[PDB]
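For reference, start-v4.cif (mmCIF, N, CA and C atoms):
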data_my_file
#
loop_
_atom_site.label_atom_id
_atom_site.label_comp_id
_atom_site.auth_asym_id
_atom_site.auth_seq_id
_atom_site.Cartn_x
_atom_site.Cartn_y
_atom_site.Cartn_z
N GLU A 9 -25.50 1.26 -65.56
CA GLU A 9 -26.57 0.52 -66.27
C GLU A 9 -27.56 -0.10 -65.29
N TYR A 10 -27.05 -0.89 -64.34
CA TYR A 10 -27.91 -1.69 -63.44
C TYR A 10 -27.96 -1.16 -62.02
N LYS A 11 -29.14 -1.28 -61.40
CA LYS A 11 -29.32 -1.04 -59.97
C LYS A 11 -29.21 -2.34 -59.18
N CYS A 12 -29.26 -2.24 -57.86
CA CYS A 12 -29.24 -3.40 -56.97
C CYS A 12 -30.56 -4.10 -57.20
N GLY A 13 -30.77 -5.29 -56.65
CA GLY A 13 -32.07 -5.98 -56.82
C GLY A 13 -32.47 -6.46 -58.22
N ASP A 14 -32.16 -5.66 -59.26
CA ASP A 14 -32.27 -5.99 -60.69
C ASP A 14 -31.99 -7.42 -61.12
N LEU A 15 -32.95 -7.98 -61.85
CA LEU A 15 -32.91 -9.34 -62.32
C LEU A 15 -32.39 -9.38 -63.74
N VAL A 16 -31.65 -10.44 -64.03
CA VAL A 16 -30.82 -10.55 -65.23
C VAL A 16 -30.56 -12.00 -65.54
N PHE A 17 -29.80 -12.23 -66.60
CA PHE A 17 -29.22 -13.53 -66.89
C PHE A 17 -27.71 -13.35 -66.94
N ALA A 18 -27.03 -13.93 -65.97
CA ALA A 18 -25.58 -13.83 -65.92
C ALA A 18 -24.97 -15.02 -66.66
N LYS A 19 -23.93 -14.74 -67.44
CA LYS A 19 -23.25 -15.76 -68.22
C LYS A 19 -21.83 -15.93 -67.72
N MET A 20 -21.42 -17.18 -67.54
CA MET A 20 -20.04 -17.51 -67.22
C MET A 20 -19.55 -18.66 -68.06
N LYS A 21 -18.23 -18.80 -68.14
CA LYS A 21 -17.63 -19.92 -68.84
C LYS A 21 -18.04 -21.18 -68.11
N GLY A 22 -18.48 -22.16 -68.90
CA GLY A 22 -18.89 -23.45 -68.38
C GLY A 22 -20.37 -23.64 -68.51
N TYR A 23 -21.13 -22.58 -68.28
CA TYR A 23 -22.56 -22.71 -68.00
C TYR A 23 -23.36 -21.79 -68.90
N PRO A 24 -24.64 -22.08 -69.11
CA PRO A 24 -25.44 -21.17 -69.89
C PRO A 24 -25.79 -19.85 -69.16
N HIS A 25 -26.53 -19.03 -69.89
CA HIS A 25 -27.02 -17.77 -69.39
C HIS A 25 -27.95 -18.14 -68.29
N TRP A 26 -27.46 -17.93 -67.08
CA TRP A 26 -28.12 -18.36 -65.85
C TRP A 26 -28.93 -17.22 -65.25
N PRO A 27 -30.09 -17.54 -64.67
CA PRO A 27 -30.91 -16.50 -64.06
C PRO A 27 -30.35 -16.05 -62.75
N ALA A 28 -30.36 -14.75 -62.55
CA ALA A 28 -29.68 -14.17 -61.41
C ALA A 28 -30.19 -12.76 -61.17
N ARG A 29 -29.86 -12.24 -59.99
CA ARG A 29 -30.07 -10.83 -59.66
C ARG A 29 -28.73 -10.22 -59.28
N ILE A 30 -28.69 -8.89 -59.30
CA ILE A 30 -27.68 -8.15 -58.56
C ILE A 30 -28.09 -8.05 -57.11
N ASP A 31 -27.16 -8.30 -56.18
CA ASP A 31 -27.46 -8.09 -54.77
C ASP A 31 -26.46 -7.22 -54.00
N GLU A 32 -25.49 -6.60 -54.66
CA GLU A 32 -24.78 -5.45 -54.09
C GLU A 32 -24.51 -4.46 -55.20
N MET A 33 -24.93 -3.20 -55.04
CA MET A 33 -24.61 -2.17 -56.04
C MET A 33 -23.13 -1.81 -55.92
N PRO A 34 -22.43 -1.57 -57.05
CA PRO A 34 -20.96 -1.36 -57.03
C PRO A 34 -20.60 0.11 -56.94
N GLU A 35 -19.36 0.46 -56.62
CA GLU A 35 -19.09 1.86 -56.26
C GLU A 35 -18.00 2.59 -57.03
N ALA A 36 -18.39 3.48 -57.94
CA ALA A 36 -19.80 3.62 -58.38
C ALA A 36 -19.84 4.11 -59.83
N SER A 40 -13.88 3.68 -63.41
CA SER A 40 -14.17 4.44 -62.20
C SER A 40 -15.09 3.67 -61.21
N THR A 41 -14.95 2.34 -61.19
CA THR A 41 -15.70 1.42 -60.31
C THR A 41 -14.79 0.18 -60.12
N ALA A 42 -15.25 -0.82 -59.35
CA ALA A 42 -14.70 -2.18 -59.43
C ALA A 42 -14.82 -2.73 -60.86
N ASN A 43 -15.81 -2.20 -61.61
CA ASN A 43 -16.10 -2.43 -63.06
C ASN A 43 -17.02 -3.67 -63.19
N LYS A 44 -17.78 -3.92 -62.12
CA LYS A 44 -18.19 -5.26 -61.75
C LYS A 44 -19.32 -5.21 -60.74
N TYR A 45 -20.43 -5.86 -61.08
CA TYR A 45 -21.57 -6.00 -60.19
C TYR A 45 -21.48 -7.35 -59.50
N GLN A 46 -21.75 -7.39 -58.19
CA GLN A 46 -21.91 -8.68 -57.50
C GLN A 46 -23.31 -9.29 -57.80
N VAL A 47 -23.31 -10.59 -58.06
CA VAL A 47 -24.43 -11.27 -58.63
C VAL A 47 -24.77 -12.50 -57.80
N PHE A 48 -26.06 -12.78 -57.68
CA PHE A 48 -26.49 -13.93 -56.96
C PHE A 48 -27.28 -14.80 -57.88
N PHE A 49 -26.76 -16.00 -58.07
CA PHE A 49 -27.35 -16.94 -58.99
C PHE A 49 -28.46 -17.74 -58.33
N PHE A 50 -29.63 -17.73 -58.95
CA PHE A 50 -30.76 -18.44 -58.41
C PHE A 50 -30.64 -19.93 -58.58
N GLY A 51 -31.32 -20.65 -57.69
CA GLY A 51 -31.34 -22.11 -57.69
C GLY A 51 -30.08 -22.69 -57.06
N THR A 52 -28.93 -22.32 -57.58
CA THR A 52 -27.68 -22.77 -57.00
C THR A 52 -27.20 -21.87 -55.83
N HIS A 53 -27.75 -20.64 -55.79
CA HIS A 53 -27.38 -19.67 -54.78
C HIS A 53 -25.87 -19.45 -54.71
N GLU A 54 -25.21 -19.44 -55.86
CA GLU A 54 -23.81 -19.10 -55.91
C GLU A 54 -23.79 -17.57 -55.99
N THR A 55 -22.61 -16.97 -55.78
CA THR A 55 -22.38 -15.56 -56.14
C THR A 55 -21.11 -15.39 -56.95
N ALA A 56 -21.01 -14.23 -57.61
CA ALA A 56 -19.86 -13.90 -58.46
C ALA A 56 -19.85 -12.44 -58.87
N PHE A 57 -18.71 -11.97 -59.36
CA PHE A 57 -18.63 -10.64 -59.97
C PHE A 57 -18.54 -10.76 -61.46
N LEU A 58 -19.10 -9.79 -62.16
CA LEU A 58 -19.11 -9.83 -63.59
C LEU A 58 -19.28 -8.46 -64.21
N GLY A 59 -18.75 -8.33 -65.42
CA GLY A 59 -18.93 -7.14 -66.22
C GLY A 59 -20.34 -7.08 -66.80
N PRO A 60 -20.78 -5.86 -67.19
CA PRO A 60 -22.07 -5.73 -67.87
C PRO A 60 -22.09 -6.46 -69.20
N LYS A 61 -20.89 -6.66 -69.76
CA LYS A 61 -20.66 -7.59 -70.86
C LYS A 61 -21.51 -8.85 -70.69
N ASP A 62 -21.37 -9.47 -69.52
CA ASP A 62 -21.86 -10.82 -69.25
C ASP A 62 -23.25 -10.72 -68.68
N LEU A 63 -23.80 -9.50 -68.63
CA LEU A 63 -25.16 -9.30 -68.14
C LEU A 63 -26.20 -9.26 -69.27
N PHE A 64 -27.47 -9.38 -68.90
CA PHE A 64 -28.57 -9.34 -69.82
C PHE A 64 -29.84 -9.28 -69.00
N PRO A 65 -30.63 -8.19 -69.12
CA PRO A 65 -31.80 -8.10 -68.22
C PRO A 65 -32.79 -9.20 -68.42
N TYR A 66 -33.55 -9.49 -67.38
CA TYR A 66 -34.28 -10.74 -67.33
C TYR A 66 -35.51 -10.67 -68.19
N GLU A 67 -36.37 -9.70 -67.90
CA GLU A 67 -37.65 -9.58 -68.59
C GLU A 67 -37.44 -9.26 -70.08
N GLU A 68 -36.52 -8.36 -70.35
CA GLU A 68 -36.21 -7.96 -71.72
C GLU A 68 -35.63 -9.13 -72.59
N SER A 69 -34.95 -10.10 -71.98
CA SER A 69 -34.48 -11.28 -72.72
C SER A 69 -34.92 -12.54 -71.98
N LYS A 70 -36.18 -12.50 -71.53
CA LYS A 70 -36.81 -13.60 -70.79
C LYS A 70 -36.81 -14.84 -71.66
N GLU A 71 -37.57 -14.79 -72.76
CA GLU A 71 -37.82 -15.99 -73.57
C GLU A 71 -36.67 -16.36 -74.52
N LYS A 72 -35.74 -15.44 -74.75
CA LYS A 72 -34.50 -15.77 -75.45
C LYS A 72 -33.63 -16.72 -74.62
N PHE A 73 -33.62 -16.55 -73.29
CA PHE A 73 -32.81 -17.39 -72.38
C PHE A 73 -33.59 -18.27 -71.37
N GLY A 74 -34.92 -18.16 -71.36
CA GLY A 74 -35.74 -18.72 -70.30
C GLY A 74 -36.19 -20.13 -70.56
N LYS A 75 -35.44 -20.87 -71.39
CA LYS A 75 -35.76 -22.25 -71.75
C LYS A 75 -35.25 -23.13 -70.65
N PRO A 76 -36.00 -24.19 -70.28
CA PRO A 76 -35.42 -25.13 -69.30
C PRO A 76 -34.11 -25.78 -69.78
N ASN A 77 -33.45 -26.56 -68.91
CA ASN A 77 -32.01 -26.75 -69.12
C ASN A 77 -31.23 -27.94 -68.60
N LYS A 78 -31.78 -28.76 -67.72
CA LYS A 78 -31.13 -30.04 -67.41
C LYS A 78 -29.83 -29.87 -66.62
N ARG A 79 -29.61 -28.67 -66.09
CA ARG A 79 -28.43 -28.40 -65.28
C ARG A 79 -28.79 -28.37 -63.80
N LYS A 80 -27.83 -28.73 -62.95
CA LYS A 80 -28.08 -28.76 -61.51
C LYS A 80 -28.60 -27.40 -61.06
N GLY A 81 -29.88 -27.34 -60.69
CA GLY A 81 -30.45 -26.15 -60.08
C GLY A 81 -30.81 -25.03 -61.03
N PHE A 82 -31.04 -25.34 -62.31
CA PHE A 82 -31.35 -24.29 -63.25
C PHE A 82 -32.86 -24.07 -63.23
N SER A 83 -33.64 -25.10 -63.54
CA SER A 83 -35.10 -24.93 -63.60
C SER A 83 -35.73 -24.60 -62.24
N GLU A 84 -34.88 -24.56 -61.22
CA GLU A 84 -35.19 -24.13 -59.87
C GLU A 84 -34.90 -22.64 -59.76
N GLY A 85 -33.77 -22.20 -60.30
CA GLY A 85 -33.49 -20.78 -60.47
C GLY A 85 -34.57 -20.08 -61.27
N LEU A 86 -34.90 -20.69 -62.41
CA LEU A 86 -35.97 -20.22 -63.28
C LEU A 86 -37.22 -20.09 -62.49
N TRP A 87 -37.49 -21.09 -61.65
CA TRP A 87 -38.69 -21.00 -60.83
C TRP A 87 -38.59 -19.81 -59.91
N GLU A 88 -37.48 -19.59 -59.23
CA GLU A 88 -37.38 -18.48 -58.27
C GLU A 88 -37.63 -17.08 -58.89
N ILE A 89 -38.54 -16.92 -59.83
CA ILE A 89 -39.09 -15.59 -60.15
C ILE A 89 -40.62 -15.56 -60.63
N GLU A 90 -41.66 -15.63 -59.76
CA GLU A 90 -41.74 -16.20 -58.38
C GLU A 90 -41.01 -15.44 -57.32
N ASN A 91 -40.74 -16.09 -56.18
CA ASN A 91 -39.84 -15.55 -55.11
C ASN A 91 -38.44 -15.06 -55.54
N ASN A 92 -38.26 -13.79 -55.69
CA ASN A 92 -37.06 -13.37 -56.32
C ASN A 92 -36.08 -12.67 -55.43
N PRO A 93 -36.50 -12.20 -54.22
CA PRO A 93 -35.42 -11.90 -53.34
C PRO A 93 -35.40 -13.00 -52.32
N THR A 94 -35.00 -14.18 -52.80
CA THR A 94 -34.75 -15.33 -51.93
C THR A 94 -33.45 -15.06 -51.24
N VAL A 95 -33.32 -15.64 -50.07
CA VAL A 95 -32.06 -15.66 -49.38
C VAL A 95 -31.62 -17.13 -49.31
N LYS A 96 -30.30 -17.34 -49.42
CA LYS A 96 -29.69 -18.52 -48.76
C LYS A 96 -28.25 -18.29 -48.68
#
Turn this file's structure into structure tokens for me.
Amino acid sequence: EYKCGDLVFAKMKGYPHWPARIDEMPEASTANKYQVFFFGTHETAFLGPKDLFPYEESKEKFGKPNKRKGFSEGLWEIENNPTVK
């Protein structure tokens, strides 16, 4: 489904649909799991496509600000979207 670099909203228990990219393509009958880099907080994690959702295609469904540590900063980082930290 997804390539590397691809922007999405990753969902995990605890937190809302958080803005993120893929930053390692998986291989390739896989780990079953894309490595993900969460914007603003710069966390990483693995997740199923279950928990994925492309960014532009569900931009305004999930793109509401949020009052969470580093969310509206993640939202800002697109904008600069291959940020490093």
*Using the chain letters and residue numbers of this document, give as a PyMOL selection string the residues selected by the PyMOL selection byres ((chain A and resi 47-53) around 6).*
chain A and resi 27-32+45-46+54-58+81-82+84-86
Write the residues you've just listed into a file as a CSV table (one decimal), keeping the file's coordinate frame, and include N, CA and C atoms for each of them.
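File produced: again-v3.csv:
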chain,number,residue,atom,x,y,z
A,27,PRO,N,-30.1,-17.5,-64.7
A,27,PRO,CA,-30.9,-16.5,-64.1
A,27,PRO,C,-30.4,-16.0,-62.8
A,28,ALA,N,-30.4,-14.8,-62.6
A,28,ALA,CA,-29.7,-14.2,-61.4
A,28,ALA,C,-30.2,-12.8,-61.2
A,29,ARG,N,-29.9,-12.2,-60.0
A,29,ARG,CA,-30.1,-10.8,-59.7
A,29,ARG,C,-28.7,-10.2,-59.3
A,30,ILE,N,-28.7,-8.9,-59.3
A,30,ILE,CA,-27.7,-8.2,-58.6
A,30,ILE,C,-28.1,-8.0,-57.1
A,31,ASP,N,-27.2,-8.3,-56.2
A,31,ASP,CA,-27.5,-8.1,-54.8
A,31,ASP,C,-26.5,-7.2,-54.0
A,32,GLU,N,-25.5,-6.6,-54.7
A,32,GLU,CA,-24.8,-5.4,-54.1
A,32,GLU,C,-24.5,-4.5,-55.2
A,45,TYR,N,-20.4,-5.9,-61.1
A,45,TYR,CA,-21.6,-6.0,-60.2
A,45,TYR,C,-21.5,-7.4,-59.5
A,46,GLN,N,-21.8,-7.4,-58.2
A,46,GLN,CA,-21.9,-8.7,-57.5
A,46,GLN,C,-23.3,-9.3,-57.8
A,54,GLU,N,-25.2,-19.4,-55.9
A,54,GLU,CA,-23.8,-19.1,-55.9
A,54,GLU,C,-23.8,-17.6,-56.0
A,55,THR,N,-22.6,-17.0,-55.8
A,55,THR,CA,-22.4,-15.6,-56.1
A,55,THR,C,-21.1,-15.4,-57.0
A,56,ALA,N,-21.0,-14.2,-57.6
A,56,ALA,CA,-19.9,-13.9,-58.5
A,56,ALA,C,-19.8,-12.4,-58.9
A,57,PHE,N,-18.7,-12.0,-59.4
A,57,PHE,CA,-18.6,-10.6,-60.0
A,57,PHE,C,-18.5,-10.8,-61.5
A,58,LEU,N,-19.1,-9.8,-62.2
A,58,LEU,CA,-19.1,-9.8,-63.6
A,58,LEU,C,-19.3,-8.5,-64.2
A,81,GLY,N,-29.9,-27.3,-60.7
A,81,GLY,CA,-30.4,-26.2,-60.1
A,81,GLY,C,-30.8,-25.0,-61.0
A,82,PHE,N,-31.0,-25.3,-62.3
A,82,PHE,CA,-31.4,-24.3,-63.2
A,82,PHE,C,-32.9,-24.1,-63.2
A,84,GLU,N,-34.9,-24.6,-61.2
A,84,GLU,CA,-35.2,-24.1,-59.9
A,84,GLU,C,-34.9,-22.6,-59.8
A,85,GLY,N,-33.8,-22.2,-60.3
A,85,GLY,CA,-33.5,-20.8,-60.5
A,85,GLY,C,-34.6,-20.1,-61.3
A,86,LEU,N,-34.9,-20.7,-62.4
A,86,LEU,CA,-36.0,-20.2,-63.3
A,86,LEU,C,-37.2,-20.1,-62.5
*With distances taken over only C-alpha atoms, which of A:10, A:20, A:25, A:93 is nearest to residue 71 (chain A)?*
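Between A:10, A:20, A:25, A:93, the residue approaching residue 71 (chain A) most closely is A:25.
Reported to one decimal place, the separation of CA of residue 70 (chain A) from CA of residue 16 (chain A) is 8.7 Å.
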_Å distance separating CA of residue 34 (chain A) from atom N of residue 11 (chain A), one decimal place_ =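 Atom N of residue 11 (chain A) lies at a distance of 9.3 Å from CA of residue 34 (chain A).
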*asked:* Run DSSP on the backbone and tell me which residues of chain A come out as strand (DSSP E or B); list them as a VMD selection string.
replied: chain A and resid 15 to 18 26 to 32 45 to 49 55 to 58 65
*Selected residue, from A:69, A:59, A:64, A:87, that lies nearest to residue 18 (chain A) when counting only N, CA and C atoms*: A:64
